[PDB]
Each structure stands twice: as C-alpha cells, then as structure tokens.
$ cat my_file38.cif   # mmCIF, C-alpha atoms
data_coords
#
loop_
_atom_site.group_PDB
_atom_site.id
_atom_site.type_symbol
_atom_site.label_atom_id
_atom_site.label_comp_id
_atom_site.auth_asym_id
_atom_site.auth_seq_id
_atom_site.Cartn_x
_atom_site.Cartn_y
_atom_site.Cartn_z
ATOM 1 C CA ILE A 738 241.035 113.948 -14.675
ATOM 2 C CA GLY A 739 243.107 116.790 -13.326
ATOM 3 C CA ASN A 740 246.588 115.301 -13.185
ATOM 4 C CA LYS A 741 245.538 111.645 -12.878
ATOM 5 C CA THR A 742 244.892 109.214 -15.706
ATOM 6 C CA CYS A 743 242.318 106.449 -16.022
ATOM 7 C CA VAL A 744 242.099 104.088 -18.985
ATOM 8 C CA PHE A 745 238.874 102.390 -20.066
ATOM 9 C CA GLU A 746 238.711 99.451 -22.451
ATOM 10 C CA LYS A 747 236.429 99.558 -25.469
ATOM 11 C CA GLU A 748 234.791 96.145 -25.767
ATOM 12 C CA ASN A 749 235.729 94.259 -28.932
ATOM 13 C CA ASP A 750 236.407 90.889 -27.250
ATOM 14 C CA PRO A 751 233.412 88.524 -27.833
ATOM 15 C CA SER A 752 234.695 87.716 -31.370
ATOM 16 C CA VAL A 753 231.230 88.062 -32.905
ATOM 17 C CA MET A 754 231.116 88.965 -36.578
ATOM 18 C CA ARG A 755 228.862 91.963 -37.137
ATOM 19 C CA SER A 756 227.524 93.792 -40.123
ATOM 20 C CA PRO A 757 229.307 97.158 -40.494
ATOM 21 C CA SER A 758 226.236 98.704 -42.129
ATOM 22 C CA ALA A 759 222.582 98.241 -42.834
ATOM 23 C CA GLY A 760 221.523 96.220 -45.837
ATOM 24 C CA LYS A 761 220.662 92.682 -46.820
ATOM 25 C CA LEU A 762 222.462 89.366 -46.548
ATOM 26 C CA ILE A 763 222.698 87.531 -49.864
ATOM 27 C CA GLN A 764 224.714 84.446 -49.007
ATOM 28 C CA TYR A 765 227.588 83.031 -47.008
ATOM 29 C CA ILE A 766 230.839 82.111 -48.705
ATOM 30 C CA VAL A 767 231.971 79.228 -46.457
ATOM 31 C CA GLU A 768 230.282 76.313 -44.746
ATOM 32 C CA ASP A 769 228.609 76.641 -41.377
ATOM 33 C CA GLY A 770 231.102 75.026 -39.010
ATOM 34 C CA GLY A 771 234.064 75.456 -41.334
ATOM 35 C CA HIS A 772 237.316 77.027 -40.245
ATOM 36 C CA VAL A 773 238.022 80.548 -41.475
ATOM 37 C CA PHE A 774 241.277 82.493 -41.377
ATOM 38 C CA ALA A 775 241.688 86.202 -40.746
ATOM 39 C CA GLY A 776 241.400 88.225 -43.947
ATOM 40 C CA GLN A 777 239.318 85.569 -45.736
ATOM 41 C CA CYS A 778 235.870 86.591 -46.926
ATOM 42 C CA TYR A 779 233.114 84.706 -45.099
ATOM 43 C CA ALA A 780 229.926 86.444 -46.260
ATOM 44 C CA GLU A 781 228.376 88.464 -49.076
ATOM 45 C CA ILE A 782 225.973 91.293 -48.294
ATOM 46 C CA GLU A 783 224.446 94.042 -50.370
ATOM 47 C CA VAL A 784 223.592 97.538 -49.305
ATOM 48 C CA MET A 785 223.140 100.478 -51.689
ATOM 49 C CA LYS A 786 222.356 97.996 -54.503
ATOM 50 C CA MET A 787 226.151 97.555 -54.423
ATOM 51 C CA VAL A 788 227.703 94.354 -53.188
ATOM 52 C CA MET A 789 230.265 94.349 -50.395
ATOM 53 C CA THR A 790 231.957 91.240 -49.021
ATOM 54 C CA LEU A 791 233.000 90.672 -45.396
ATOM 55 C CA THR A 792 236.446 89.595 -44.222
ATOM 56 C CA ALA A 793 236.994 87.691 -40.997
ATOM 57 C CA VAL A 794 238.994 89.387 -38.257
ATOM 58 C CA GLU A 795 240.180 86.290 -36.394
ATOM 59 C CA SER A 796 240.960 82.715 -37.372
ATOM 60 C CA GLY A 797 238.497 80.201 -35.998
ATOM 61 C CA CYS A 798 235.431 78.070 -36.567
ATOM 62 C CA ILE A 799 232.462 80.106 -37.803
ATOM 63 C CA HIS A 800 228.810 79.375 -37.040
ATOM 64 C CA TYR A 801 226.161 81.580 -38.629
ATOM 65 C CA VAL A 802 223.259 83.181 -36.779
ATOM 66 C CA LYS A 803 221.236 84.688 -39.629
ATOM 67 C CA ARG A 804 220.007 82.491 -42.434
ATOM 68 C CA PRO A 805 220.852 83.453 -46.047
ATOM 69 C CA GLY A 806 218.479 86.228 -46.980
ATOM 70 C CA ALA A 807 217.966 88.558 -44.060
ATOM 71 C CA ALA A 808 217.791 92.189 -43.081
ATOM 72 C CA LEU A 809 221.005 93.627 -41.687
ATOM 73 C CA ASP A 810 221.356 96.446 -39.212
ATOM 74 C CA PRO A 811 224.687 98.112 -38.376
ATOM 75 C CA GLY A 812 226.362 96.360 -35.472
ATOM 76 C CA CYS A 813 223.961 93.422 -35.644
ATOM 77 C CA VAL A 814 224.930 89.823 -34.895
ATOM 78 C CA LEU A 815 225.684 87.869 -38.066
ATOM 79 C CA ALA A 816 228.013 85.019 -37.139
ATOM 80 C CA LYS A 817 229.931 83.860 -34.094
ATOM 81 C CA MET A 818 233.405 82.365 -34.277
ATOM 82 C CA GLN A 819 235.013 79.946 -31.869
ATOM 83 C CA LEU A 820 238.635 80.835 -31.068
ATOM 84 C CA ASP A 821 241.198 79.459 -28.621
ATOM 85 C CA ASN A 822 240.332 82.219 -26.094
ATOM 86 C CA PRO A 823 243.831 83.617 -25.420
ATOM 87 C CA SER A 824 242.445 86.027 -22.807
ATOM 88 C CA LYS A 825 239.588 88.466 -22.135
ATOM 89 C CA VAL A 826 237.284 85.715 -20.887
ATOM 90 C CA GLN A 827 234.108 86.860 -19.108
ATOM 91 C CA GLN A 828 235.113 90.525 -18.855
ATOM 92 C CA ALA A 829 231.554 91.530 -17.938
ATOM 93 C CA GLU A 830 230.294 91.082 -14.341
ATOM 94 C CA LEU A 831 227.858 93.895 -15.166
ATOM 95 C CA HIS A 832 227.822 96.491 -12.423
ATOM 96 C CA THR A 833 224.399 96.694 -10.770
ATOM 97 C CA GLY A 834 224.433 99.377 -8.121
ATOM 98 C CA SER A 835 223.954 103.101 -7.875
ATOM 99 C CA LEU A 836 226.183 106.123 -8.521
ATOM 100 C CA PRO A 837 227.080 108.691 -5.842
ATOM 101 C CA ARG A 838 224.240 111.105 -5.052
ATOM 102 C CA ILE A 839 224.787 113.622 -2.254
ATOM 103 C CA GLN A 840 224.194 117.077 -3.730
ATOM 104 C CA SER A 841 221.335 118.202 -5.969
ATOM 105 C CA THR A 842 221.561 121.969 -6.636
ATOM 106 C CA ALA A 843 217.810 122.371 -6.103
ATOM 107 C CA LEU A 844 218.026 125.565 -3.999
ATOM 108 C CA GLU B 2125 204.532 91.394 -48.984
ATOM 109 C CA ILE B 2126 200.870 91.988 -49.869
ATOM 110 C CA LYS B 2127 199.162 88.604 -49.981
ATOM 111 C CA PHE B 2128 201.371 86.287 -47.882
ATOM 112 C CA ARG B 2129 202.351 88.210 -44.773
ATOM 113 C CA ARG B 2130 203.582 86.575 -41.578
ATOM 114 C CA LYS B 2131 200.123 85.633 -40.299
ATOM 115 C CA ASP B 2132 199.468 83.436 -43.327
ATOM 116 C CA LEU B 2133 202.997 82.043 -43.202
ATOM 117 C CA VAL B 2134 202.330 80.849 -39.657
ATOM 118 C CA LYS B 2135 199.045 79.363 -40.833
ATOM 119 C CA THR B 2136 201.033 77.416 -43.409
ATOM 120 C CA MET B 2137 203.527 76.210 -40.810
ATOM 121 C CA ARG B 2138 200.619 74.936 -38.734
ATOM 122 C CA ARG B 2139 200.076 72.091 -41.237
ATOM 123 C CA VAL B 2140 203.668 71.335 -42.353
ATOM 124 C CA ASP B 2141 206.362 71.380 -39.698
ATOM 125 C CA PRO B 2142 206.263 68.126 -37.656
ATOM 126 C CA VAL B 2143 207.778 69.771 -34.575
ATOM 127 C CA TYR B 2144 205.335 72.683 -34.604
ATOM 128 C CA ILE B 2145 202.473 70.275 -35.284
ATOM 129 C CA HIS B 2146 203.408 68.036 -32.355
ATOM 130 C CA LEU B 2147 203.692 71.018 -30.015
ATOM 131 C CA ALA B 2148 200.445 72.578 -31.250
ATOM 132 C CA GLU B 2149 198.577 69.298 -30.818
ATOM 133 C CA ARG B 2150 200.017 68.779 -27.347
ATOM 134 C CA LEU B 2151 198.952 72.247 -26.218
ATOM 135 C CA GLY B 2152 195.442 71.421 -27.441
ATOM 136 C CA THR B 2153 194.945 68.853 -24.682
ATOM 137 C CA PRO B 2154 192.578 70.230 -21.992
ATOM 138 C CA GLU B 2155 193.961 70.897 -18.518
ATOM 139 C CA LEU B 2156 197.444 69.432 -18.638
ATOM 140 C CA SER B 2157 199.082 71.799 -16.151
ATOM 141 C CA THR B 2158 199.951 75.477 -15.926
ATOM 142 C CA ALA B 2159 203.710 74.913 -16.118
ATOM 143 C CA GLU B 2160 203.469 72.533 -19.065
ATOM 144 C CA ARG B 2161 201.257 74.946 -21.013
ATOM 145 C CA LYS B 2162 203.752 77.759 -20.430
ATOM 146 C CA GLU B 2163 206.624 75.570 -21.629
ATOM 147 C CA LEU B 2164 204.659 74.482 -24.710
ATOM 148 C CA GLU B 2165 203.808 78.074 -25.580
ATOM 149 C CA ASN B 2166 207.441 79.127 -25.375
ATOM 150 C CA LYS B 2167 208.486 76.148 -27.497
ATOM 151 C CA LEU B 2168 205.877 77.084 -30.102
ATOM 152 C CA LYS B 2169 207.004 80.705 -30.164
ATOM 153 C CA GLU B 2170 210.636 79.729 -30.612
ATOM 154 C CA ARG B 2171 209.916 77.152 -33.302
ATOM 155 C CA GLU B 2172 207.597 79.357 -35.338
ATOM 156 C CA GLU B 2173 210.030 82.266 -35.159
ATOM 157 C CA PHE B 2174 212.980 80.059 -36.059
ATOM 158 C CA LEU B 2175 211.230 78.774 -39.185
ATOM 159 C CA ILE B 2176 210.334 82.126 -40.735
ATOM 160 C CA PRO B 2177 213.183 82.593 -43.279
ATOM 161 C CA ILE B 2178 212.787 79.133 -44.776
ATOM 162 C CA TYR B 2179 209.020 79.427 -45.176
ATOM 163 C CA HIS B 2180 209.592 82.919 -46.576
ATOM 164 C CA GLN B 2181 211.725 81.434 -49.334
ATOM 165 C CA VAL B 2182 208.953 78.878 -49.818
ATOM 166 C CA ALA B 2183 206.404 81.667 -50.111
ATOM 167 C CA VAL B 2184 208.307 83.550 -52.774
ATOM 168 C CA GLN B 2185 208.796 80.271 -54.642
ATOM 169 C CA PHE B 2186 205.032 79.756 -54.502
ATOM 170 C CA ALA B 2187 204.472 83.244 -55.868
ATOM 171 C CA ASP B 2188 207.065 82.574 -58.552
ATOM 172 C CA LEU B 2189 205.001 79.665 -59.801
ATOM 173 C CA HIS B 2190 202.365 82.264 -60.757
ATOM 174 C CA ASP B 2191 204.753 84.187 -63.035
ATOM 175 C CA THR B 2192 205.691 81.396 -65.410
ATOM 176 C CA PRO B 2193 205.272 81.401 -69.196
ATOM 177 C CA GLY B 2194 202.866 78.484 -68.972
ATOM 178 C CA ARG B 2195 200.313 80.791 -67.395
ATOM 179 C CA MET B 2196 200.955 83.482 -70.004
ATOM 180 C CA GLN B 2197 200.427 80.899 -72.721
ATOM 181 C CA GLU B 2198 197.168 79.696 -71.187
ATOM 182 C CA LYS B 2199 195.873 83.257 -70.877
ATOM 183 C CA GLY B 2200 196.907 84.201 -74.408
ATOM 184 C CA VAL B 2201 199.210 87.149 -73.670
ATOM 185 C CA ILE B 2202 202.149 85.599 -75.532
ATOM 186 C CA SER B 2203 202.085 83.807 -78.845
ATOM 187 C CA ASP B 2204 204.376 80.881 -78.056
ATOM 188 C CA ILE B 2205 207.136 79.540 -75.828
ATOM 189 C CA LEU B 2206 210.497 79.153 -77.538
ATOM 190 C CA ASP B 2207 213.830 77.549 -76.814
ATOM 191 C CA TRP B 2208 216.876 79.787 -76.799
ATOM 192 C CA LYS B 2209 219.276 77.566 -78.717
ATOM 193 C CA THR B 2210 216.984 77.397 -81.770
ATOM 194 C CA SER B 2211 215.478 80.869 -81.601
ATOM 195 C CA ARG B 2212 217.591 82.035 -84.568
ATOM 196 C CA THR B 2213 215.888 79.602 -86.947
ATOM 197 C CA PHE B 2214 212.407 80.286 -85.620
ATOM 198 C CA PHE B 2215 212.624 84.046 -85.834
ATOM 199 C CA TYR B 2216 214.229 83.876 -89.261
ATOM 200 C CA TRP B 2217 211.360 81.943 -90.773
ATOM 201 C CA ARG B 2218 208.763 83.923 -88.848
ATOM 202 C CA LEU B 2219 210.097 87.271 -89.991
ATOM 203 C CA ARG B 2220 210.320 85.991 -93.555
ATOM 204 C CA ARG B 2221 206.672 84.930 -93.365
ATOM 205 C CA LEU B 2222 205.549 88.247 -91.926
ATOM 206 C CA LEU B 2223 207.353 90.294 -94.550
ATOM 207 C CA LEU B 2224 205.844 88.317 -97.423
ATOM 208 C CA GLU B 2225 202.429 88.596 -95.787
ATOM 209 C CA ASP B 2226 202.930 92.352 -95.553
ATOM 210 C CA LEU B 2227 203.589 92.529 -99.282
ATOM 211 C CA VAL B 2228 200.436 90.669 -100.239
ATOM 212 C CA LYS B 2229 198.372 92.513 -97.625
ATOM 213 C CA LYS B 2230 199.474 95.862 -99.026
ATOM 214 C CA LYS B 2231 198.334 94.721 -102.445
#

$ encode --input "my_file38.cif" --output "structure tokens"
Amino acid sequence: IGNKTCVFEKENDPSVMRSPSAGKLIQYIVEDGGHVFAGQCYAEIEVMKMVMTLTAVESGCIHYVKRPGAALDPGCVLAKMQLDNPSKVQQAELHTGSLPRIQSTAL
Amino acid sequence: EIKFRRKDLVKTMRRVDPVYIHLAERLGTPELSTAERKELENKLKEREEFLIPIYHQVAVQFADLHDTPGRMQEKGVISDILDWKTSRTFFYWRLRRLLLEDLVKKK
C-alpha cells in the first residue's frame, strides 16, 4: 500500500486432509487411528472414472470423517490428523466488529 | 436411487438400530418435558444422519439380492447355472450335441 508493506497469512494450519477435487471416495488405505507419514498414500478416490490416490502432507495419527463410499467436493473435509502442534495453535479469534464507514459518495 | 430413497432408509432404521429405537421410544412418552424432548430430537437427528452410509450399503446389498442368477433360473431367462472351472467340458459336449442335432434337423 503506497510505500508500506503488510503481509497476510493464508490459512493452511488446521492439518485437515481435504479432497483436492470433486468425485467419490472408494476406500481408505490405512487403518482409522493408524499413524501415517508424509508422502504416504492414505486414501483412494475416483473422479473422472479415473482413480487418483491421496498422499498425506504431515506425519501423524489419522482419523477419518467420511465413511468409505461418499461424495467428495473440492476442499471438503475427509480426514483429520493429530500432530505434535509445533505452532499455529488457535490462530482464529474471528474478528466480529465493523469496518470504517465515514463517507458514502451519495451526493 | 428410485425405490429406496432416504425416507425409506430411515423407515428401515426405525426397526433396526438399538440406539435409534431407544431414543424413538423415549420420545414417544407423553409430556416428559420441553427440554428433554428437544434433546431427544437432536439425538435422533444426529443418530439417523450418522447411520446413512452404512444403511445405504445395506440397501444396495438388498437390491443386489434381486439380480442373482437364482432368480433368472426361476424365471426361465437362462438355461442353467454353470461353474467356471468345468465350463470347458460342459460347453464342449453341449456344442457337440447341438451340431449333431443341426445335422439331423436339416435332414
């Protein structure tokens, strides 16, 4: 803004596994409650009549939200993973106020 | 998707799931209290929604029992039910029979 800089964080912190696309869930690869490592496939979904797996981002204990056989939407909640919470805990405190409103340009 | 939509699935759950049965029977008691009825209704909603995917798999299994070769054999749309491992022998002797029958029938 002008000659000043402000940096906003894009939320990716809750460590919730999400479907990248629409489609259908066929099955899960690992046990509910089992530990998964980053890069390991944890789920099998099909969109396009063409099967695409799903790799975990973080290493932790996975618990599944959707049961095997389910409709998937992009960005939906598929499976949560428990991690050791290095940081970024409770970075919400959702602002509930009102933005500045002095002018109006209504003539 | 045509004959066993959600409404009928819920009707099925009404007579199967012990938890949903217990809650449904408890809510049937006249004049318990306002608060208790509200709690029971929310419990019923959560339980019936939670049980949809499993009873959906049950439903398609039920429908699958209608598509078996036993039914086709009773209705007379197939000739017989065969085993794979011995199909070679069966079809050999059958085709031999049919060819000889064709010869005599042409005569």

$ residues_around --input "my_file38.cif" --residues "residue 2174 (chain B)" --least-positions-apart "6" --cutoff "12 Å" --atoms "all atoms listed in the file" --output "list in words"
residues 802, 803 and 804 of chain A; 2134, 2137, 2141, 2143, 2144, 2167, 2168 and 2180 of chain B

$ residues_near_point --input "my_file38.cif" --point "(213.9, 81.3, -46.1)" --cutoff "12 Å" --atoms "all atoms listed in the file" --output "number ranges by chain"
A: 762-764, 803-808; B: 2133, 2173-2185

$ closest_residue --input "my_file38.cif" --among "A:739, A:829, A:841, A:774" --to "residue 795 (chain A)" --atoms "only C-alpha atoms"
A:774

$ resolve_selection --input "my_file38.cif" --expression "the PyMOL selection byres ((chain B and resi 2127) around 12)" --output "count of residues only"
12

$ residues_around --input "my_file38.cif" --residues "residue 812 (chain A)" --least-positions-apart "6" --cutoff "10 Å" --atoms "only C-alpha atoms" --output "PyMOL selection string"
chain A and resi 753-759

$ closest_residue --input "my_file38.cif" --among "A:791, A:816, A:743, A:809" --to "residue 778 (chain A)" --atoms "all atoms listed in the file"
A:791
